[PDB]
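*Asks:*
There are 2 protein chains.
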Amino acid sequence: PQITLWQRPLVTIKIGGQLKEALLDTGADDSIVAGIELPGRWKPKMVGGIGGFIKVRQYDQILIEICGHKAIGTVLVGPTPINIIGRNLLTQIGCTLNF
Amino acid sequence: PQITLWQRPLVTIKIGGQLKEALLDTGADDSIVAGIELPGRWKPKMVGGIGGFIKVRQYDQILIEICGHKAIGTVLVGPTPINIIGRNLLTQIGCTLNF
Numbered sequence: 001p002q003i004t005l006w007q008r009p010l011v012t013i014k015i016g017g018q019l020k021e022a023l024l025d026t027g028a029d030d031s032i033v034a035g036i037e038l039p040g041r042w043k044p045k046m047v048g049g050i051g052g053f054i055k056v057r058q059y060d061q062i063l064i065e066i067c068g069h070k071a072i073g074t075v076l077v078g079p080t081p082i083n084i085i086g087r088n089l090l091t092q093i094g095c096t097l098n099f
Numbered sequence: 001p002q003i004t005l006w007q008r009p010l011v012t013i014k015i016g017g018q019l020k021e022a023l024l025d026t027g028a029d030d031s032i033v034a035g036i037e038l039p040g041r042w043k044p045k046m047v048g049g050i051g052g053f054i055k056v057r058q059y060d061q062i063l064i065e066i067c068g069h070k071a072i073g074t075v076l077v078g079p080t081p082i083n084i085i086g087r088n089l090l091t092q093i094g095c096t097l098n099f
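Which chain is which? The protein sequence lines are A and B, in order. Numbering of the first sequence is given in the entry's author numbering, commencing with residue 1 and proceeding in unit increments. Numbering of the second sequence is given in the entry's author numbering, commencing with residue 1 and proceeding in unit increments.
1. Given a limit of 8 Å on CB to CB distance, which residues of the stretch 5 to 39 of chain B reach chain A?
2. Could you tell me the alpha carbon to alpha carbon distance between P79 (chain B) and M46 (chain B), rounded to whole angstroms?
3. Along the chain, where does the alpha helix (DSSP H) that runs through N83 (chain A) open and close?
4. Specify the secondary structure class of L89 (chain B) as computed by DSSP and reduced to three states.
5. Is it the case that the Cβ atoms of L23 (chain A) and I72 (chain A) are separated by a distance below 8 Å?
6. Quick check on DSSP: helix, strand or coil for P9 (chain A)?
7. Quick check: what's the CA-CA separation for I50 (chain A) versus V33 (chain B)?
8. Given a limit of 8 Å on CB to CB distance, which residues of the stretch 80 to 99 of chain B reach chain A?
9. By the 10 Å Cβ neighbour count, where 16 or more other Cβ atoms means buried, how is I36 (chain B) classified, buried or exposed?
10. Residues of chain B with CB under 8 Å from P1 (chain A), in chain order?
11. For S31 (chain A), which three-state DSSP category applies?
12. Take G86 (chain B) and list the residues in its own chain whose beta-carbon comes closer than 6 Å to its own, dropping the five residues that flank it on each side.
13. Any idea which residues DSSP pairs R41 (chain B) with across the strands?
14. With 16 as the cutoff for other CB atoms within 10 Å, does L97 (chain B) come out buried or exposed?
15. Nearest by alpha-carbon distance to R57 (chain A): which of A:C67, A:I66, A:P39 is it?
16. Judging by CA-CA distance, which residue of A:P9, A:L5, A:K14, A:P44 is the nearest neighbour of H69 (chain A)?
17. Considering only the alpha carbon of each residue, which of B:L19, B:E65, B:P81 lies closest to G48 (chain A)?
18. Could one say the Cβ of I54 (chain B) lies closer than 8 Å to chain A's Cβ atoms, at least one of them?
19. Report the neighbours of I64 (chain A) on chain B: residues whose CB is nearer than 7 Å to its CB, in chain order.
20. Using a C-beta to C-beta distance shorter than 7 Å, which residues of chain A count as neighbours of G49 (chain B)?
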């Protein structure tokens with residue numbers, strides 16, 4: 001689809017059996033989700049933004065479905081304000097910025 | 001132009017006479033420029049980010065030429081690490097997200 005940015009670009013995701021809303025974030029290299037009790041083995045990652053820092057758990061090869069498209073990447077379950085689908089999953093679904 | 005998200009969407013902006021590079025951020029409602037000179041008056045404003053909240057100065061009607069395109073809007077000058085061009089300017093230039 002084509003999303004006009006006058007409205008926050010929140011889309012629906014299905015991850016590990018849970019359904020939650022996530023914002024497509026072109027200014028995010030990584031994807032961060034909160035409240036998703038994910039299975040498996042996890043590594044660390046200290047990721048950062050403006051404000052500073054946040055401690056997240058790095059889970060790899062997690063199946064995540066973004067508005068009907070499936071992609072497999074690195075999902076950081078974190079203490080974030082909103083769910084973020086970063087570029088690492090946006091490239092998978094073929095997301096482009098146009099103007 | 002169309003931007004592929006494999007690499008960060010960094011575009012050149014001409015702001016207040018200065019040439020700088022900024023990130024086209026769909027997940028940003030506001031634009032923030034890392035501590036640079038902008039002449040005049042301002043309002044306190046504070047907005048949230050992942051891992052925080054930062055104190056910014058709300059400057060209005062600041063001209064920005066985002067990749068030759070002119071746009072006049074709100075630019076916050078603050079302690080941010082990366083310069084962001086949020087939806088308040090991306091809507092003006094007609095930026096959409098596509099997949």
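By construction, the Cβ of each residue, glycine as well, lies at the ideal position given by its N, Cα and C atoms.
*Replies:* The relevant details are as follows:
1. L5, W6, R8, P9, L23, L24, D25, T26, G27, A28, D29, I32
2. Translated into positions along the second sequence, residue 79 (chain B) becomes position 79. Translated into positions along the second sequence, residue 46 (chain B) becomes position 46. Taking the straight line joining both Cα atoms gives about 12 Å.
3. Locating residue 83 (chain A) in the first sequence gives position 83, counting from the first residue. Here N83 (chain A) belongs to no alpha helix (DSSP H); instead the beta strand (DSSP E) covers 83 to 85.
4. As a working note, residue 89 (chain B) is residue 89 in the second sequence. Three-state result, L89 (chain B): helix.
5. As a working mapping, residue 23 (chain A) is identified with position 23 in the first sequence. As a working mapping, residue 72 (chain A) is identified with position 72 in the first sequence. It is not a contact, given that the beta carbons lie outside the stated cut-off.
6. In the first sequence, residue 9 (chain A) corresponds to position 9, counting from 1. Reduced to three states, the DSSP call for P9 (chain A) is coil.
7. Your numbering for residue 50 (chain A) matches position 50 in the first sequence. Your numbering for residue 33 (chain B) matches position 33 in the second sequence. Those two C-alpha atoms are separated by around 12 Å.
8. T80, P81, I82, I84, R87, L90, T91, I93, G94, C95, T96, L97, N98, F99
9. Locating residue 36 (chain B) in the second sequence gives position 36, counting from the first residue. With fewer than 16 other Cβ atoms within 10 Å, it is exposed.
10. On the first sequence, residue 1 (chain A) is found 1 positions in, with the first residue counted as 1. In chain order: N98, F99.
11. Here residue 31 (chain A) refers to the residue found at position 31 of the first sequence. It is a strand residue.
12. In the second sequence, the residue the question calls residue 86 (chain B) occupies position 86. Excluding sequence neighbours, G86 (chain B) sits near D25, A28, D29, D30, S31.
13. For the purposes of this step, residue 41 (chain B) is taken as residue 41 along the second sequence, with counting starting at 1. According to DSSP, which records beta bridges pairwise, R41 (chain B) is partnered with nothing at all.
14. Here residue 97 (chain B) refers to the residue found at position 97 of the second sequence. Looking at its Cβ environment, which holds 16 or more other Cβ atoms inside 10 Å, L97 (chain B) is buried.
15. Numbered from 1 along the first sequence, position 57 holds the residue referred to as residue 57 (chain A). Checking every option, the nearest Cα to that of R57 (chain A) belongs to A:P39.
16. Residue mapping note: residue 69 (chain A) aligns to position 69 of the first sequence, counting from 1. With distances taken between Cα atoms, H69 (chain A) lies closest to A:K14.
17. Here residue 48 (chain A) refers to the residue found at position 48 when the first sequence is read from its first residue. Answer by Cα proximity: B:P81.
18. Counted from its first residue, the second sequence places residue 54 (chain B) at position 54. At least one chain A Cβ lies under 8 Å of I54 (chain B).
19. Looking up residue 64 (chain A) in the first sequence gives position 64. What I64 (chain A) touches in chain B: nothing, since even the nearest Cβ is about 14 Å away.
20. Here the question's residue 49 (chain B) lines up with position 49 in the second sequence. The answer, in chain order, is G49, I50, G51.
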